[PDB]
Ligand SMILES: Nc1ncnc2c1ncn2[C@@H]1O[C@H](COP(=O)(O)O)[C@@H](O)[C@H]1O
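As a starting point, one isolated chain is supplied in C-alpha cells, in the form deposited without the ligand.
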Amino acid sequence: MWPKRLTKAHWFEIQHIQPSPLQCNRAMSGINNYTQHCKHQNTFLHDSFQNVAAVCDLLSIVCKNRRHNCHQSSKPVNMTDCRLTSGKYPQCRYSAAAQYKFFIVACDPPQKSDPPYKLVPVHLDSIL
C-alpha cells in the first residue's frame, strides 16, 4: 500500500516513471486502486526518475496552464500509452502503444519529504 498522502512529485514518479516497459494491466492496477477507479489513459516514461528530474534544470517554457515552470526533454524517450478498453473497476483492462517522443514536464521546488533537488517534476504537461 502506498501511504495516505503522497507529494505531487512522488505521485508523478508512481504514475509516470517506469524505465523498463511492463504490462499495462499490471502497471495500472496500483494507480487505479489508489484512485478507486479505472484511469482512462496513462503515459509511462521509460526513463529513470533521475534522468527525468534532470530535465527540470533545462530552459523553462510555458505550460498548457500558461504557467512558466515547464521544461522540455533534450531528447526523445521511449514511452508507452495505456488506454482503457474495458471493464469496470477494479477489473480494468488496457491496450498498449509504444511511442518515441519528446516530453514536457512541469517542475516545482521539492517539498520537505521529496528528494532535495533544486526542482522536481510534478506533472506530465505534454508529449510531442
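In case it trips you up, residue 1 is the first one in the sequence shown, and so on.
In what follows, reference is made to the form deposited with the ligand bound, a form of this protein that is not presented.
Although the ligand is omitted here, in the bound PDB entry none of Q18, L45 and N51 has a heavy atom within 4.5 Å of it. For the options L58, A96, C63, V77, the residue carrying a heavy atom within 4.5 angstroms of the ligand in the bound PDB entry is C63.
Within 4.5 Å of any heavy atom of the ligand in the bound PDB entry lies no heavy atom of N32.
With a 4.5 Å cutoff on heavy atoms, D114 does not count as touching the ligand in the bound PDB entry; it lies far away. Looking at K101, you'd find every heavy atom of it more than 4.5 angstroms from the ligand in the bound PDB entry. Although the partner is absent here, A106 lies within 4.5 Å of the ligand in the bound PDB entry, judged by heavy atoms.
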